[PDB]
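Working notes, beginning with the structure itself.
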Amino acid sequence: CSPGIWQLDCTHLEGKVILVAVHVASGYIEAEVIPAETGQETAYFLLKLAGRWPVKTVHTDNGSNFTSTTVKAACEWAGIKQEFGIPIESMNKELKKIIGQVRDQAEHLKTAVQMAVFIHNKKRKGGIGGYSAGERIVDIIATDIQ
Amino acid sequence: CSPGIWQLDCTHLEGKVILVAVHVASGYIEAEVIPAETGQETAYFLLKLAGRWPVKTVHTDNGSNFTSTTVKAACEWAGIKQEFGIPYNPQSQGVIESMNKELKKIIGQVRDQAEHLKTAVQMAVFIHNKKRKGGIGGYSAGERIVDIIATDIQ
């Protein structure tokens with residue numbers, strides 16, 4: 001597994017679009033409800049992600065928002081390589097599970113999505129000891145920068 | 001400085017409101033143009049921040065968006081100590097003001113590179129976090145934050 005590789009995909013709940021990013025080596029994720037499944041919204045999400053982590057390569061499917069000119073330009077500007085494969089998902093189902101679990105804890109889906117991301121990244125296997133995904137990513141990136 | 005301390009402020013540019021968080025120990029920042037200066041938008045930003053980093057304390061002023069019920073509940077849910085008082089006995093008040101000045105400087109520099117202010121702000125954040133002192137060697141704020149936090153996991 002490489003420290004700079006991420007997988008990106010869009011999922012759906014309550015007629016809303018959720019953009020999900022998974023740092024493949026750690027299982028860490030970031031997700032957000034976007035107003036429309038456009039290239040512009042996807043490009044905006046990528047720039048945000050690239051600004052906080054050393055993103056070297058992003059794997060995505062061939063959807064129009066992902067193959068868009070704006071996303072291509074954002075990747076060029078940010079120094080990110082895009083990979084598409086032949087024309088992660090084990091995380092979209094997991095995130096949807098946690099979102100179901102905490103859905104009644106907030107009024108809007110967007111808030112519940114963030115609570116679910118927090119829960120996912122802070123969770124320890126069997127809830128006792130070990131590292132969380134949030135701890136695995138800073139450790140992998142930190143040991144890599146030196 | 002402690003690995004879990006952040007300062008969060010609200011600034012205005014081109015009539016838009018930008019929320020900025022600075023990880024005091026490293027200089028790393030996260031910023032975003034939010035649609036309205038409300039407790040709801042502030043809380044949403046905080047929950048996002050809290051899910052990616054081990055945020056223990058966030059310093060804010062007493063503006064109505066920061067003292068809103070929704071922000072207090074967000075901090076409570078996330079286990080964040082919200083401090084309205086002047087920063088934790090240091091002199092991190094100078095560093096905390098330099099980033100907001102410095103970020104606005106970078107926003108003016110790249111403003112022509114994208115159509116919308118929101119995109120420019122993200123480009124400025126990227127530049128700020130990736131930037132090396134004098135552009136040669138050393139650590140960037142992005143590397144300092146992950147190193148501080150990783151070494152604190154033990």
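Proteins come first, then strands; the chains are lettered A, B, ... in the order of their sequence lines, and each starts at number 1.
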Honestly, the part of B:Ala78 sitting under 4.5 Å from a heavy atom of chain A is both
Task: Over 12 non-hydrogen atoms of neighbours within 6.0 angstrom of CD in A:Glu107 - done: no
- Task: Say whether B:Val125 and B:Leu117 are linked into one hydrophobic cluster, either directly or through other cluster members, by side-chain heavy-atom distances under 4.5 angstrom.
- Result: yes
NZ of B:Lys16: more than 12 outside heavy atoms within 6.0 angstrom? no
Does atom CD of A:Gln101 have more than 12 heavy-atom neighbours from other groups under 6.0 Å away?
yes
So CD1 of A:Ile141 and CD1 of B:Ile145: to nearest 0.5 Å the spacing works out to 11.0 Å
Give a yes or no on whether B:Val121 and B:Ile34 share a hydrophobic cluster (residues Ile, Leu, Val, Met, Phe, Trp, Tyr; joining criterion: side-chain heavy atoms under 4.5 Å apart). no
Applying a strict 4.5 Å limit to non-hydrogen atoms, the region of B:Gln113 in contact with chain A is neither
Q) Under a single-linkage definition using a 4.5 Å side-chain heavy-atom cutoff for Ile, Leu, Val, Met, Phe, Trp and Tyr, are B:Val55 and B:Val71 assigned to the same hydrophobic cluster? A) yes
Of A:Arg52, A:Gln40, A:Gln114, A:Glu135, the largest count of non-hydrogen pairs under 4.5 angstrom with chain B goes to A:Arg52
From the list B:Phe126, B:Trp53, B:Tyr28, ring pair (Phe, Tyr, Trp, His ring centres under 6.0 Å) with A:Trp53 holds only for B:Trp53
Turns out that what part of B:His116 lies under 4.5 Å from chain A's heavy atoms comes down to side chain
Residues A:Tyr44 and B:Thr119: closest non-hydrogen pair is CE1-N, 4.4 Å
Shared hydrophobic cluster, B:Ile80 / B:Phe45 (ILVMFWY, side-chain heavy atoms < 4.5 Å)
yes
A:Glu30 and B:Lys48 ion-paired at < 4.0 Å: no
Are side-chain N/O atoms of B:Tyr139 and A:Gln146 paired as donor and acceptor at under 3.5 Å?
no
Shortest non-hydrogen pair, A:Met115 vs B:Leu47, comes out as CG-CD1, 4.5 Å
ask   = For A:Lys81, does the NZ atom sit with more than 12 other heavy atoms under 6.0 Å from it, leaving out its own atoms?
value = no
Per-residue tally against chain B (heavy atom, under 4.5 Å) across A:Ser132, A:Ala31, A:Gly51, A:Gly134 peaks at A:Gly51
